[PDB]
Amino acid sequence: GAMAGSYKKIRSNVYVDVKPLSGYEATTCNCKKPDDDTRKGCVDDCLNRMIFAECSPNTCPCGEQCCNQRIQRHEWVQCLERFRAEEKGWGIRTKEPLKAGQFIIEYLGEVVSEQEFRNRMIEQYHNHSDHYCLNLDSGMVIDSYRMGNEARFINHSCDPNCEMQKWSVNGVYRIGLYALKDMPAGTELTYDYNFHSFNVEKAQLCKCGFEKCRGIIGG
């Protein structure tokens, strides 16, 4: 098949004409730092975790034992591979097993208004046969058509094994990919564009293979 599409790889979102402020209060929780030097704190019941807020630097009661700073510490899995996914161009798969709920990778790109993006669609993206636009917040999107990271190659499934979650990370919304279920080695990562992706209003046949496939992506 064809070569993978070109993009400018970035390590952090680029803010173009909007900045995705979360409006969250300063983060606080009631977690206690485990006396064991090597046990994690801020686990499932962390009051910050429960509102999709990451703990902030210097103020978490667990200190360096806090495990609720995954996005801000860029704690991405290191076992991802870009590969030819049959009938779906390029996709991303994991080379190691993943566990339900686990953080995988941040989705990066240019953060733009829906106005700027609809402008880019008419002027720059009208010829494209692959689309790269994630929803973020009211009126803003993450455009990875030109800059981003390898999460831009993750394909859609009507029966997805991953999902996007929107988190407040030190006052700004960021989007991460998280596993919905345990997945064995070699599994292609997928998420449901109907739930997470901007409606580019293009009809493309879905090849996810699900018994109850929606027929087209986002349908």
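The first residue of the shown sequence is 1; numbering continues from there.
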> Of 16 to 24 and 194 to 202, which one has the bigger average CA B-factor?
Replying inline: 16 to 24
> In the PDB record, does 145 to 153 or 81 to 89 carry the higher mean Cα temperature factor?
Replying inline: 81 to 89
> Highest Cα B-factor in the PDB entry belongs to which of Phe117, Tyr107, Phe103, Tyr132?
Replying inline: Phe117
> Taking the values straight from the PDB record, which of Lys99, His126, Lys95, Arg73 has the highest C-alpha temperature factor?
Replying inline: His126
> Is the Cα B-factor recorded for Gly186 in the lowest, middle or highest third of its chain?
Replying inline: lowest
> Comparing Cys162 with the other modelled residues of its chain, is its CA B-factor in the lowest, middle or highest third?
Replying inline: lowest
>> Quick check for you: using the entry's CA B-factors within this chain, is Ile51 in the lowest, middle or highest third?
In response: middle
> Sorting the chain's CA B-factors, does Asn68 end up in the lowest, middle or highest third?
Replying inline: middle
> Taking the C-alpha B-factors as the PDB entry records them, is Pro61 in the lowest, middle or highest third of its chain?
Replying inline: highest
